[PDB]
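> Okay, handing you the structure first.
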Amino acid sequence: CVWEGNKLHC
């Protein structure tokens with residue numbers, strides 16, 4: 001996963 005601000009994308 002990666003952080004894109006206030007939320008995590010997996």
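By order in the structure tokens, chains are A, B, ...; within a chain, residues start at 1; ligands start at 1, following the order shown.
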Enumerate as a list in words all residues of chain A assigned to strand (DSSP E) by DSSP on the backbone, naming them with the chain letters and numbers the document uses.
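Residues of chain A classed as strand (DSSP E): residues 2, 3, 8 and 9 of chain A.
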> Leaving out residue A:1 and any residue of its chain fewer than 2 positions from it, which residues lie within 7 Å of it when counting only C-alpha atoms, given as a ChimeraX atom specification?
/A:8-10
